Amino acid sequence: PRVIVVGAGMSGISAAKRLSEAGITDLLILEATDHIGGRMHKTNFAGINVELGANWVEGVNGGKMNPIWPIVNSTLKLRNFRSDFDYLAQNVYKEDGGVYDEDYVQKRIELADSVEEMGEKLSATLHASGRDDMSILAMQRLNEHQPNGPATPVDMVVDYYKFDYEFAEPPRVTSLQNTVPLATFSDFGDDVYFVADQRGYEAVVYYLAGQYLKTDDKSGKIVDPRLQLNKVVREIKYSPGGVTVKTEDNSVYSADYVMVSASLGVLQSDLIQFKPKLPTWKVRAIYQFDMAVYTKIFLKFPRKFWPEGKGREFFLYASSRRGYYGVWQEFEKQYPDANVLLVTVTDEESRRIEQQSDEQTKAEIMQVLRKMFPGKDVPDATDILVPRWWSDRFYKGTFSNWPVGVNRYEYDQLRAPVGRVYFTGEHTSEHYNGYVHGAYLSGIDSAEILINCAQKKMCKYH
């Protein structure tokens, strides 16, 4: 059987790998960009390679092994470090300078954490159909007994840190049942490790690809003609007998099946035309799920003016404006002496920020930093990097988020195949949507459904 796989990010490469393993080697992987890896991609910033996209292996040291971990930490030995968030309470800055008292902050953190745990108990009891789901916010109101969730500067940045910084959308839009607790942490462990290696977290993808695609002996570049880069799929025609795939440069290919791995945001943008049009139930499922945006703004300074040392890696800015330049990370271990800082924003702020100049964003950030470190001579950043994932047509966002309103059956419709057209990607992982490991596993899972149809003639889905 010939199979065309659209996209060579983690899930596509992973799916193709599994097909190869089942003996399906008549493959053609069509990648839009000039490289593989997709949302795992590094870039040179001020002389160092930093990650524009995925940066952590999340879910480590628990009851089961996250499949990505051994590759990162053993097979490839990518340089990495465990993130420690235990000292946040000593690092929350006031809108107007200096940090809050540690004991005061630790108490708000403990309250927030208690509400969430009460939320995990409620969640376990909700009907599996998702019909009784509610937003994380409704659960917070219930447990704090207030007509609102966190609303003062400190509680709000603590809330953002706890939720938006992981999901990239506010608790009020997010499904309680599908995110509290989160299987990634429950199954694989509570720790996370930040990859900081010149080769990039994407090395994991190049490694998998190399297990089955041909590579150059001296350069080690993949040279297999089954992988074709710079091929943007613009149309997929499918019928009872097979499928035809057309790219922007006018190439046309045929196969028995096609596996689509493009992000949920690409699917929501109509970059790819399906003929016939996808069924209404499928379309509705595609539009109801959320494609979030998480913007890693890197900044480079001529000298350092922030604290370094124990518990200093992560710090928060308690703005009275929720989510305004709130979560900071300093790189004393990852990029020593580079004088770089990383502030993360998401959702509304990301969209605003992608739409204006980097210079304007840099000036907003400098006012924040000067308010946070009033006693220092804070020098203007000499370089800034604002990743624009929502604006990139091959991504249209950074990762999916399960909103309140999408139920279990609707989520399955999102993953379901349509005739000979199969879907894969992080947004198709039932328990790990959003993550690199969810992309990896979704590729194997989709490939298997295809293998059953193709090899065992078991073609019915659910």
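In this text, rigid core is short for the largest set of C-alphas that superpose within 1.5 Å between two forms. Numbers follow the displayed sequence, beginning with 1.
For 55-63 versus 409-417, the mean Cα distance to the shown form in 5 other deposited structures of this protein after rigid core alignment is larger for 409-417. Note on 4-12 vs 452-460: mean CA B-factor is higher in 452-460. Taking the mean C-alpha B-factor of each stretch as recorded, 319-327 and 332-340 are not equal, and the higher mean is that of 332-340. Of the candidates 38, 59, 434, 405, the deposited coordinates give 405 the top C-alpha B factor. Reading the B-factor column for the CA atoms of 223, 173, 283, 272 in the entry, the top value corresponds to 223. When the modelled residues of the chain are ordered by C-alpha B-factor, residue 421 sits in the middle third. For residue 277, the recorded CA B-factor ranks within the highest third of the chain. Only modelled residues enter the ranking. Remark: residue 395 belongs to the lowest third of its chain, ranked by C-alpha B-factor as recorded. Sort the chain's modelled residues by C-alpha temperature factor and residue 243 lands in the highest third, per the entry. In the PDB entry, residue 82 places in the lowest third of its chain by CA B-factor.
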